[PDB]
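Accompanying notes for the structure given below.
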Amino acid sequence: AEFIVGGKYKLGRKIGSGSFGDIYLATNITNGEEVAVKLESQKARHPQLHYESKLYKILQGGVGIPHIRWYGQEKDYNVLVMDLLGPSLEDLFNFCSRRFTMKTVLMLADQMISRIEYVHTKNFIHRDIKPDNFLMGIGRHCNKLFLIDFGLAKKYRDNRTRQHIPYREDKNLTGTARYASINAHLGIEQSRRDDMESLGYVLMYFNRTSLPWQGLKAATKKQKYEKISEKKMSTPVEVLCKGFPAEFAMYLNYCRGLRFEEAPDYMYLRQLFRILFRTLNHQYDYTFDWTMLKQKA
Ligand SMILES: Cn1ncc(-c2nc(N[C@H]3CC[C@H]([NH3+])CC3)ncc2F)c1CC1CC1
């Protein structure tokens, strides 16, 4: 057919766009398995796909890390082939009319903290934690959450010594402004704490349906980012999390309190949400809000 990569993956329709390229559905012509294919044009001032493919290789063996099938060059493109995955948390949020129950938020939180933790144990930070980068799997993996898109990810410490990258300022906000940590807005070098703060804004985005720094306008990119920053800094966490269980405010205070080099206590943060979950008499049965709507049909 018209477009086949690595001698066997026939590219079908476009399924979306990522950080540095476009994503297609494909089929392995030798066994019939459906996969996802990421194409980056080889004519790029600064090509990164080789870099992202190296990160995925480093991360193999993690729960909710997609397996890589092939990396290479085809026609005028760099090509990466991987597991096909299901919808993002943003897709599912819209499917549920931009409302999630507490049970769903807490079940997701347990997996999200763990996905981020794994990336950190391999000495990387993600730097673009948002609903669009968390995907549910498919088939028997449909209740497994995957964290993807390592285009903006960065080594935060040395493997041998565990010395961090240098503490410094005057960094561009590289990720998404809505979920960015306060220190990232100020141009401070991101570390593990910033991924965790970002997850806190995602959880509160799901709980509230919106964040108070949404809908802001300004003359420039930089001034919109500066308005978002100022709103984040002038909104107390108790106000942001008013009318929700105290655990969400505790999460956010804990993450802001972390020092640049300090290891988040992931076990404690998972425990914080799990004790709440079980106090509300919920069980981890993977009956999410979208599961309810599908089986009713
Ligand atoms: C950004 N990025 N990078 C890798 C992948 C990515 N996406 C999928 N499936 C998508 C189907 C359409 C859904 N709306 C989203 C999930 N499977 C594997 C992937 F690596 C994606 C998600 C595709 C929307 C870009």
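Numbering starts fresh at 1 for the residues of each chain in the structure tokens, the chains themselves are lettered A, B, ... in the order given, and ligands are numbered from 1 as they appear.
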**Prompt:** Taking only C-alpha atoms and all ligand atoms into account, which residues are within 10 Å of ligand 1, as a PyMOL selection string?
**Reply:** chain A and resi 14-25+34-38+65-68+80-92+132-138+146-151
**Prompt:** Tell me, which residues of stretch 71-220 of chain A carry DSSP strand (DSSP E or B), written as a PyMOL selection string?
**Reply:** chain A and resi 71-74+77-83+88+124-125+134-136+145-147+154-155+157+164
Could you give me, as a PDB file with N, CA and C atoms, in the first residue's frame, the residues within 10 Å of residue A:188, counting only C-alpha atoms and dropping anything in the same chain fewer than 2 positions from it?
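Dumped to out16.pdb:
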ATOM      1  N   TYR A 167      20.944  24.421  40.215  1.00  0.00           N
ATOM      2  CA  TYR A 167      19.822  25.294  40.530  1.00  0.00           C
ATOM      3  C   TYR A 167      20.095  26.606  39.821  1.00  0.00           C
ATOM      4  N   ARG A 168      19.137  27.052  39.022  1.00  0.00           N
ATOM      5  CA  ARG A 168      19.302  28.253  38.229  1.00  0.00           C
ATOM      6  C   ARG A 168      17.950  28.797  37.778  1.00  0.00           C
ATOM      7  N   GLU A 169      18.000  29.974  37.180  1.00  0.00           N
ATOM      8  CA  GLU A 169      16.845  30.810  36.901  1.00  0.00           C
ATOM      9  C   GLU A 169      16.877  31.128  35.409  1.00  0.00           C
ATOM     10  N   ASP A 170      15.986  31.999  34.957  1.00  0.00           N
ATOM     11  CA  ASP A 170      15.953  32.425  33.554  1.00  0.00           C
ATOM     12  C   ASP A 170      15.751  31.251  32.553  1.00  0.00           C
ATOM     13  N   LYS A 171      14.928  30.277  32.948  1.00  0.00           N
ATOM     14  CA  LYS A 171      14.457  29.204  32.069  1.00  0.00           C
ATOM     15  C   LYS A 171      13.111  29.599  31.466  1.00  0.00           C
ATOM     16  N   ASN A 172      12.911  29.280  30.189  1.00  0.00           N
ATOM     17  CA  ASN A 172      11.599  29.436  29.553  1.00  0.00           C
ATOM     18  C   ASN A 172      10.630  28.369  30.056  1.00  0.00           C
ATOM     19  N   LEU A 173       9.385  28.773  30.311  1.00  0.00           N
ATOM     20  CA  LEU A 173       8.325  27.830  30.651  1.00  0.00           C
ATOM     21  C   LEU A 173       8.085  26.941  29.432  1.00  0.00           C
ATOM     22  N   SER A 181       3.905  24.526  37.469  1.00  0.00           N
ATOM     23  CA  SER A 181       4.188  24.920  38.844  1.00  0.00           C
ATOM     24  C   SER A 181       4.498  26.407  38.933  1.00  0.00           C
ATOM     25  N   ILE A 182       4.339  26.949  40.131  1.00  0.00           N
ATOM     26  CA  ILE A 182       4.645  28.354  40.393  1.00  0.00           C
ATOM     27  C   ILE A 182       6.118  28.650  40.089  1.00  0.00           C
ATOM     28  N   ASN A 183       7.029  27.782  40.523  1.00  0.00           N
ATOM     29  CA  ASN A 183       8.463  28.001  40.245  1.00  0.00           C
ATOM     30  C   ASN A 183       8.821  27.956  38.766  1.00  0.00           C
ATOM     31  N   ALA A 184       8.129  27.132  37.989  1.00  0.00           N
ATOM     32  CA  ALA A 184       8.352  27.101  36.540  1.00  0.00           C
ATOM     33  C   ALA A 184       7.977  28.444  35.886  1.00  0.00           C
ATOM     34  N   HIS A 185       6.894  29.064  36.356  1.00  0.00           N
ATOM     35  CA  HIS A 185       6.496  30.389  35.879  1.00  0.00           C
ATOM     36  C   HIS A 185       7.590  31.438  36.136  1.00  0.00           C
ATOM     37  N   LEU A 186       8.232  31.348  37.305  1.00  0.00           N
ATOM     38  CA  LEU A 186       9.315  32.260  37.703  1.00  0.00           C
ATOM     39  C   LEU A 186      10.644  31.987  37.005  1.00  0.00           C
ATOM     40  N   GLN A 190      13.294  23.220  36.829  1.00  0.00           N
ATOM     41  CA  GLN A 190      12.314  22.273  37.298  1.00  0.00           C
ATOM     42  C   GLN A 190      13.014  21.043  37.849  1.00  0.00           C
ATOM     43  N   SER A 191      12.435  20.468  38.894  1.00  0.00           N
ATOM     44  CA  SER A 191      12.895  19.203  39.448  1.00  0.00           C
ATOM     45  C   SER A 191      11.665  18.349  39.738  1.00  0.00           C
ATOM     46  N   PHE A 260      14.112  21.846  46.119  1.00  0.00           N
ATOM     47  CA  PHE A 260      14.598  21.531  44.777  1.00  0.00           C
ATOM     48  C   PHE A 260      15.164  20.111  44.649  1.00  0.00           C
TER      49      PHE A 260
END
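Taking only C-alpha atoms, the non-local environment of residue A:101 within 10 Å (same-chain residues fewer than 2 positions away omitted) comprises residues 96, 99, 103, 104, 105, 106, 206, 207, 288 and 289 of chain A.
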Dump C-alpha atoms for the selected residues as a PDB file, in the first residue's frame?
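Saved result, result09.pdb, follows:
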ATOM      1  CA  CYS A  96     -18.293  12.467  30.970  1.00  0.00           C
ATOM      2  CA  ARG A  99     -17.376  16.077  35.459  1.00  0.00           C
ATOM      3  CA  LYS A 103     -14.137   7.853  43.258  1.00  0.00           C
ATOM      4  CA  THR A 104     -12.822   8.306  39.708  1.00  0.00           C
ATOM      5  CA  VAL A 105     -10.468  11.146  40.697  1.00  0.00           C
ATOM      6  CA  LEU A 106      -8.913   9.086  43.530  1.00  0.00           C
ATOM      7  CA  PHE A 206     -10.972  17.426  37.399  1.00  0.00           C
ATOM      8  CA  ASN A 207     -12.561  18.178  40.814  1.00  0.00           C
ATOM      9  CA  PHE A 288     -14.690   4.666  36.372  1.00  0.00           C
ATOM     10  CA  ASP A 289     -17.369   7.235  35.384  1.00  0.00           C
TER      11      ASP A 289
END
**Request:** Would you please work out which residue, of A:261, A:128, A:194, A:33, is nearest to residue A:177 when using only C-alpha atoms?
**Result:** A:128
Residues of stretch 83-116 of chain A at most 10 Å from stretch 56-64 of chain A: nearest atom pair and distance in Å, only C-alpha atoms, as CSV:
residue,atom,partner,partner_atom,distance
A:111,CA,A:64,CA,9.0
A:112,CA,A:64,CA,9.9
A:114,CA,A:63,CA,8.7
A:115,CA,A:64,CA,6.9
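Atom CA of residue A:119 is positioned 28.3 Å from atom CA of residue A:98.
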**Asked** Hey, which of A:234, A:77, A:196, A:189 ends up closest to residue A:166? Count only C-alpha atoms.
**Response**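 The shortest atom-to-atom distance to residue A:166 comes from A:189.
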**Asked** How would you write, as a VMD selection string, the set of residues in stretch 127-236 of chain A that DSSP gives as alpha helix (DSSP H)?
**Response** chain A and resid 182 to 185 192 to 208 221 to 234
**Message:** At a cut-off of 6 Å, using only C-alpha atoms, what residues contact stretch 4-12 of chain A? Leave out same-chain residues fewer than 2 positions from it and give the result as a PyMOL selection string.
**Reply:** chain A and resi 25-29
Using the selection just defined, write its residues with N, CA and C atoms as a PDB file, in the first residue's frame.
ATOM      1  N   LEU A  25      -2.573   5.686  13.272  1.00  0.00           N
ATOM      2  CA  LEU A  25      -2.894   4.271  13.409  1.00  0.00           C
ATOM      3  C   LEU A  25      -2.154   3.514  12.307  1.00  0.00           C
ATOM      4  N   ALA A  26      -1.694   2.310  12.625  1.00  0.00           N
ATOM      5  CA  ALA A  26      -1.088   1.430  11.631  1.00  0.00           C
ATOM      6  C   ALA A  26      -1.413  -0.014  11.939  1.00  0.00           C
ATOM      7  N   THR A  27      -1.125  -0.883  10.971  1.00  0.00           N
ATOM      8  CA  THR A  27      -1.337  -2.320  11.114  1.00  0.00           C
ATOM      9  C   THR A  27      -0.076  -3.064  10.684  1.00  0.00           C
ATOM     10  N   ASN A  28       0.353  -4.014  11.512  1.00  0.00           N
ATOM     11  CA  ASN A  28       1.450  -4.913  11.169  1.00  0.00           C
ATOM     12  C   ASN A  28       0.889  -5.918  10.163  1.00  0.00           C
ATOM     13  N   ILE A  29       1.411  -5.862   8.939  1.00  0.00           N
ATOM     14  CA  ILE A  29       0.907  -6.674   7.819  1.00  0.00           C
ATOM     15  C   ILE A  29       1.219  -8.172   7.937  1.00  0.00           C
TER      16      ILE A  29
END
**Item:** Best match for closeness to residue A:159 among A:2, A:122, A:211, A:268, counting only C-alpha atoms
**Value:** A:122
**Request:** Extract, using only C-alpha atoms, all DNA, RNA and protein residues at most 8 Å from stretch 250-254 of chain A, discarding same-chain residues fewer than 4 positions from it, and format them as a list in words.
**Result:**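 So, after excluding close chain neighbours, the residues are residues 197, 200, 237, 246, 258 and 269 of chain A.
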**Asked** Skipping near chain neighbours, those fewer than 3 positions away, what residues fall within 12 Å of residue A:121 using only C-alpha atoms, listed as a PyMOL selection string?
**Response** chain A and resi 58-59+62+114-118+124-126+155-159+162+192+263-264+266
